[PDB]
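Here is the structure we will look at.
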Amino acid sequence: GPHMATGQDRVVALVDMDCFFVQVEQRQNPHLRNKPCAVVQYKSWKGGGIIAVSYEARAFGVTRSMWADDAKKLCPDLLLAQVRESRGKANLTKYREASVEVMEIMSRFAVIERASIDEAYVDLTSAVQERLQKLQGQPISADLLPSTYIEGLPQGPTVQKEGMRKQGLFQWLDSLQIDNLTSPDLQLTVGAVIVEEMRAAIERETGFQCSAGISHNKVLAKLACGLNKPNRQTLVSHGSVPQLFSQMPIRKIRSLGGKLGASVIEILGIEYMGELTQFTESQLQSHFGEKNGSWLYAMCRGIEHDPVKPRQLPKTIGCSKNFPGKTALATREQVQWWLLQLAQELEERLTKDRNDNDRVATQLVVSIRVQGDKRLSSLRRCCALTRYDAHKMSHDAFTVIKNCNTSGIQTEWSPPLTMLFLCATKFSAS
DNA sequence: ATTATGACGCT
DNA sequence: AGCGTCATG
Ligand SMILES: [Mg+2]
Ligand SMILES: [Mg+2]
Ligand SMILES: [Mg+2]
C-alpha cells in the first residue's frame, strides 16, 4: 500500500557510445563513414580479431569476437581499421583519449560514473528538479524529445519506424500530469529532455553518436539503452516494468548473464525476469545468498538501489598481452623483454595520468597465465609501486613471478607463459 | 589462437 | 591479499 517503496526516487541515465572504436576510426578517416566497417586487433592470425562493428556491418552478421577473415566471408566489402601497435602489442590510447572527450562533455550536465571506456551513468535527479522549477508547469513538447522512445508504447485501440516512435511519444505525453513536480513519470520525461541535450552536445562537440536509457536506476537505464540502438534514447518507466519483464530472458539483466543467471533459471525453473516476482525475499536469499536474493527480489519489481558513483576516471591502469598457442614465452630473455614492453607502456600511461589527474598509483599487480591452465589468470601477486620507472617495474614483476618457473634450467621458462598483465592500482592524491 | 582491459564480490 | 565473476571495446 502506501508504505511499499516503488524505487522511483531517482532519475538515472546510461549513455553508451554507438560502436565506439568504429566511430573513433570513422571520425579520423572519412572514407570509413556510413560503411560496413569493423575495428580489428592484429592481422596475421585469421586476419585479426574484430572488437567493434558498425551497424551497417552488423546487418551482414559481423560481430565482435569474429576473425576478420570470417567476417569477410559474410561481408566481402567490409572495411577494416586496425588498432595501433606499440612495443609489440595493441595500444588503445586513441580510444581512451576519445573517451575522455566524451566523459568531460557529460560531466557538464551532471556527475557521472564511468562504467566503461564508452559508457557512463548519470544521476539526473537534481538537474531534473532544476529544470522542472524553470518549466513553471509548462508541458513538455514532443519537439524536445526528437530521438526518444517510450518503452511499451504505443498501445491499445502507419507502418514506419519513426511514425511508431512518435505515436508512442504522443500517448506518453498526453497521459502526463505536468503540474505535479513530484510525479515520477514527469521526472523521467524531463530527464529524457536533458539527455537529448547531452547527446546533442556530445555529437556537436565530438562527432560521436550515442544511445541512452533513462529510468529510475542503473539496471533499468542500461536495459533501456539497449532497446533502441543506434542513435536513439529510450525511457523505461516504472509502470512499463511488468510487461517488459514478462518476456525478458533473465540473462539480459546486467549481472545475470553468467553463472548466477543460469542458476536462477535452473534452480527456480523459470525463464523470464518477471517470473521472479512469485518468490519471497527469503526464498531468493536461500538460493542465491542474502545480497543477491534481496537484489533479485527488488530488481524483478523494477527497484534497485546501487548509486551512481561520482567517478569519472578509471581506478586502475593496466597493460595485458596474451601469447597464445606457439608464441608462448619459453625463455627468461623472452619473459623479461615482454615484461619490459608492458612496463614501458604502463610507465607512459601512468606519467600522463599523474600529470592530468593529480594522483599516483601505489600498488603494482602482476598476473600471468601458464600453458594448459583453463583459468584466464594463473597467478596474481602484488608488490609496491614506489616509482614510475619501467625497468624497476619490470624487474619487480619478474622478482614477483620468478618462482613460477618450473624449469630446472635458469634460462628456460616452463611451463611457457601464455599471458602477462601489469596493473597499477591504489591511487593516492598528489 | 580471441584480445585487452576494467569493476567488483568473496573469503 | 589472492581468487573468481561479469562485462564486452
Ligand atoms: Mg557502446
Ligand atoms: Mg559500452
Ligand atoms: Mg557492445
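Following the order of the C-alpha cells, first chain is A, next is B, and so on, with residues numbered from 1 inside each chain and ligands from 1 in the order they appear.
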
Using only C-alpha atoms (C1' of nucleotides) and all ligand atoms, which protein or nucleic acid residues are at most 9 Å from ligand 3, as an mmCIF file with N, CA, C and O atoms (P, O5', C5', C4', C3', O3' and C1' of nucleotides), in the first residue's frame?
data_model
loop_
_atom_site.group_PDB
_atom_site.id
_atom_site.type_symbol
_atom_site.label_atom_id
_atom_site.label_comp_id
_atom_site.auth_asym_id
_atom_site.auth_seq_id
_atom_site.Cartn_x
_atom_site.Cartn_y
_atom_site.Cartn_z
ATOM 1 N N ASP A 16 25.639 5.334 -23.743
ATOM 2 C CA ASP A 16 26.567 4.364 -24.315
ATOM 3 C C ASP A 16 26.897 4.785 -25.747
ATOM 4 O O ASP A 16 25.996 4.940 -26.576
ATOM 5 N N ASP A 18 27.706 4.568 -29.538
ATOM 6 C CA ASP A 18 27.459 3.531 -30.537
ATOM 7 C C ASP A 18 28.780 3.072 -31.154
ATOM 8 O O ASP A 18 29.648 3.896 -31.457
ATOM 9 N N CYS A 19 28.922 1.751 -31.327
ATOM 10 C CA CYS A 19 30.100 1.112 -31.947
ATOM 11 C C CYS A 19 31.374 1.938 -31.763
ATOM 12 O O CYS A 19 31.963 2.403 -32.750
ATOM 13 N N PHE A 20 31.788 2.141 -30.507
ATOM 14 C CA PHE A 20 32.657 3.275 -30.182
ATOM 15 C C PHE A 20 33.957 3.294 -30.987
ATOM 16 O O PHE A 20 34.291 4.313 -31.609
ATOM 17 N N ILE A 51 36.875 -6.345 -32.763
ATOM 18 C CA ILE A 51 36.415 -5.889 -31.457
ATOM 19 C C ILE A 51 35.307 -4.847 -31.520
ATOM 20 O O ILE A 51 34.734 -4.522 -30.476
ATOM 21 N N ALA A 52 34.969 -4.311 -32.687
ATOM 22 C CA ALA A 52 33.884 -3.334 -32.778
ATOM 23 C C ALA A 52 33.386 -3.351 -34.213
ATOM 24 O O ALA A 52 34.166 -3.569 -35.137
ATOM 25 N N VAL A 53 32.073 -3.138 -34.393
ATOM 26 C CA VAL A 53 31.409 -3.383 -35.672
ATOM 27 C C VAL A 53 30.366 -2.294 -35.936
ATOM 28 O O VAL A 53 29.477 -2.065 -35.105
ATOM 29 N N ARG A 64 31.565 -8.743 -32.876
ATOM 30 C CA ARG A 64 32.803 -8.816 -32.114
ATOM 31 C C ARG A 64 33.156 -10.274 -31.850
ATOM 32 O O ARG A 64 32.294 -11.158 -31.858
ATOM 33 P P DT C 8 28.116 -5.798 -21.524
ATOM 34 O "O5'" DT C 8 28.940 -4.702 -22.386
ATOM 35 C "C5'" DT C 8 30.323 -4.406 -22.089
ATOM 36 C "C4'" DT C 8 31.170 -4.798 -23.274
ATOM 37 C "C3'" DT C 8 30.456 -5.731 -24.253
ATOM 38 O "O3'" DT C 8 30.925 -5.504 -25.576
ATOM 39 C "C1'" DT C 8 32.373 -6.714 -23.567
ATOM 40 P P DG C 9 30.716 -1.636 -25.172
ATOM 41 O "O5'" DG C 9 32.051 -1.552 -26.058
ATOM 42 C "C5'" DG C 9 32.692 -0.298 -26.279
ATOM 43 C "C4'" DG C 9 34.039 -0.488 -26.951
ATOM 44 C "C3'" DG C 9 34.003 -1.147 -28.322
ATOM 45 O "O3'" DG C 9 33.774 -0.180 -29.336
ATOM 46 C "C1'" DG C 9 35.762 -2.035 -26.988
#

Pull out every residue of chain A sitting within 7 Å of chain B, counting only C-alpha atoms (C1' of nucleotides), and send them as JSON, numbers by chain. {"A": [49, 65, 320, 324, 325]}

Residues near residue A:368, cut-off 7 Å, only C-alpha atoms (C1' of nucleotides), skip fewer than 6 positions along chain, as a PyMOL selection string: chain A and resi 377-380+417+419-421

Which residues of chain A come within 10 Å of ligand 2, and for each one, what is the closest pair of atoms and their distance in Å to one decimal, counting only C-alpha atoms and all ligand atoms, sorted by chain and residue number, as a tab-separated table?
residue	atom	partner	partner_atom_place_in_ligand_line	distance
A:14	CA	ligand 2	1 (Mg)	9.4
A:15	CA	ligand 2	1 (Mg)	8.3
A:16	CA	ligand 2	1 (Mg)	5.1
A:17	CA	ligand 2	1 (Mg)	6.5
A:18	CA	ligand 2	1 (Mg)	8.0
A:19	CA	ligand 2	1 (Mg)	8.5
A:20	CA	ligand 2	1 (Mg)	8.0
A:115	CA	ligand 2	1 (Mg)	7.8
A:116	CA	ligand 2	1 (Mg)	6.0
A:117	CA	ligand 2	1 (Mg)	6.9
A:118	CA	ligand 2	1 (Mg)	4.8
A:119	CA	ligand 2	1 (Mg)	4.6
A:120	CA	ligand 2	1 (Mg)	8.1
A:210	CA	ligand 2	1 (Mg)	9.9
A:211	CA	ligand 2	1 (Mg)	9.9
A:222	CA	ligand 2	1 (Mg)	9.4

Enumerate as a PDB file with C-alpha atoms, in the first residue's frame all residues of stretch 214-339 of chain A assigned to strand (DSSP E or B) by DSSP on the backbone, naming them with the chain letters and numbers the document uses.
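To be explicit, this is the file written out as part-v8.pdb:
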ATOM      1  CA  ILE A 214      16.507   6.864 -18.902  1.00  0.00           C
ATOM      2  CA  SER A 215      14.853   5.210 -15.913  1.00  0.00           C
ATOM      3  CA  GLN A 233      17.234   7.010 -26.426  1.00  0.00           C
ATOM      4  CA  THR A 234      14.620   5.054 -24.508  1.00  0.00           C
ATOM      5  CA  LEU A 235      12.567   5.919 -21.434  1.00  0.00           C
ATOM      6  CA  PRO A 249      15.145 -13.505 -20.506  1.00  0.00           C
ATOM      7  CA  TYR A 272      11.872 -14.581 -17.607  1.00  0.00           C
ATOM      8  CA  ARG A 311      33.927   8.622 -10.510  1.00  0.00           C
ATOM      9  CA  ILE A 317      45.615   1.428 -15.238  1.00  0.00           C
ATOM     10  CA  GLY A 318      46.651  -1.887 -16.765  1.00  0.00           C
ATOM     11  CA  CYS A 319      48.560  -3.432 -19.679  1.00  0.00           C
ATOM     12  CA  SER A 320      47.980  -7.032 -20.798  1.00  0.00           C
ATOM     13  CA  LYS A 321      49.087  -9.342 -23.608  1.00  0.00           C
ATOM     14  CA  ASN A 322      48.246 -12.944 -24.459  1.00  0.00           C
ATOM     15  CA  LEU A 329      57.127 -17.331 -23.750  1.00  0.00           C
ATOM     16  CA  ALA A 330      59.605 -20.129 -23.005  1.00  0.00           C
ATOM     17  CA  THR A 331      62.884 -18.304 -22.243  1.00  0.00           C
TER      18      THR A 331
END

Could you tell me which residues of chain C sit within 8 Å of chain A when counting only C-alpha atoms (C1' of nucleotides), and give me the result as a PyMOL selection string? chain C and resi 2+5-6+9

Quick one: write out the picked residues with C-alpha atoms (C1' of nucleotides) as a CSV table (one decimal), in the first residue's frame?
chain,number,residue,atom,x,y,z
C,2,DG,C1',44.7,-13.5,-3.9
C,5,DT,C1',32.7,-13.4,-11.8
C,6,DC,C1',30.8,-10.3,-15.1
C,9,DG,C1',35.8,-2.0,-27.0
